[PDB]
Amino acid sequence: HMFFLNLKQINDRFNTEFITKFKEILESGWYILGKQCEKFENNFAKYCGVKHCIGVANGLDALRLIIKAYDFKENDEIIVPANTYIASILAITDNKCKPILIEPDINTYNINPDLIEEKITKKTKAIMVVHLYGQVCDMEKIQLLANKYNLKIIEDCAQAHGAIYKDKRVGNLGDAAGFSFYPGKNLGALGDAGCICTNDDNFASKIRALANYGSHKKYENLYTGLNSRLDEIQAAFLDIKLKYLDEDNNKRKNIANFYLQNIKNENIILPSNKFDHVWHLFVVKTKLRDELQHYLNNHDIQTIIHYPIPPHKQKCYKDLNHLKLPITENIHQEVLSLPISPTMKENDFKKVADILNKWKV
């Protein structure tokens, strides 16, 4: 059984260091908001080329906190792609803002920047850009729109750790960015984890407070805060793995290129990489998706759909069910993710391509 994402394979490279750092943190007696958090933050900040990195409990928290720290009014509007993972939207509604859902470009799977301005209203306060599947969004126009209409840009970076746009990294393309380090992400923890990145000193300091109960100083609560912190253990594990993140992303680039160069099947539309793509998810598109998934499973290849029901169609968002978003809806009916990881064996990726080429419907 070739697994969709073999984490033990990804992480076995680091066991001996992992155990070392664990023992160290044991030796320290310090498990929360300590020197491993500081060290990881400082390194990830350098990595994204930003001034400030605040470790938090997960990527949904990271998003929810950024939105919270802006103090928007109830029903203020945040423009967001309609085809993202639900978490992006959950962060908006958690904060009693209104998500304004924009169709993607079929050629990027990212928000179509040409479709945003028409949806901008007096209630709009932000654009949440999502670098979906690993590919950075085309920022040029979004940035112009944000300057023009006095909007914040919030990056959801949970799928594109390390992707580059012009001179900058994801995380440094907007006003503030949220990252997930859930274990299957291109930089994955061994438990839940997240961070926020920004260059603004005041904003960063406010975020630190809000993620630690609303307290800047012992005994005192300046804001109504959250408990959303990155555990020492998880910061340590992340820092060890961050050293090899670009390498890992490159190993993904190699497998994706192999897929792109070798899968030749009329029933399958392959993903393109118009801008930098770190290939978190290798997403193909076919009118016979569920059939493909079954076929692959029959050949001992596990595949997972990202994603089959779009946020507007979910039961939790009944009041959005009527929205007509046919590009999003078609994608959701048609996509399927092929196994990819930095450690994935040659024999395994060759088998995926060979079996796809044999699929004859």
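Heads up: residue numbers just count along the shown sequence, starting at 1.
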Got a sec? Mean C-alpha B-factor, which is higher, 315 to 323 or 51 to 59? 315 to 323
Quick check: 63 to 71 versus 27 to 35, which has the larger average CA B-factor in the record? 27 to 35
Residue, from 173, 86, 132, 145, that the PDB entry assigns the highest Cα B-factor: 145
Out of 186, 198, 224, 228, highest CA B-factor residue: 224
Could you place residue 164 in the lowest, middle or highest third of its chain by Cα temperature factor, using the values in the record? highest
Within this chain, which third does the Cα B-factor at residue 341 fall in: lowest, middle or highest? middle
If you rank every modelled residue in this chain by C-alpha B factor, which third holds residue 302: lowest, middle or highest? middle
Residue 352 - Cα temperature factor, lowest/middle/highest third of chain: middle
Which third of the chain holds residue 237 when residues are ordered by C-alpha B factor: lowest, middle or highest? middle
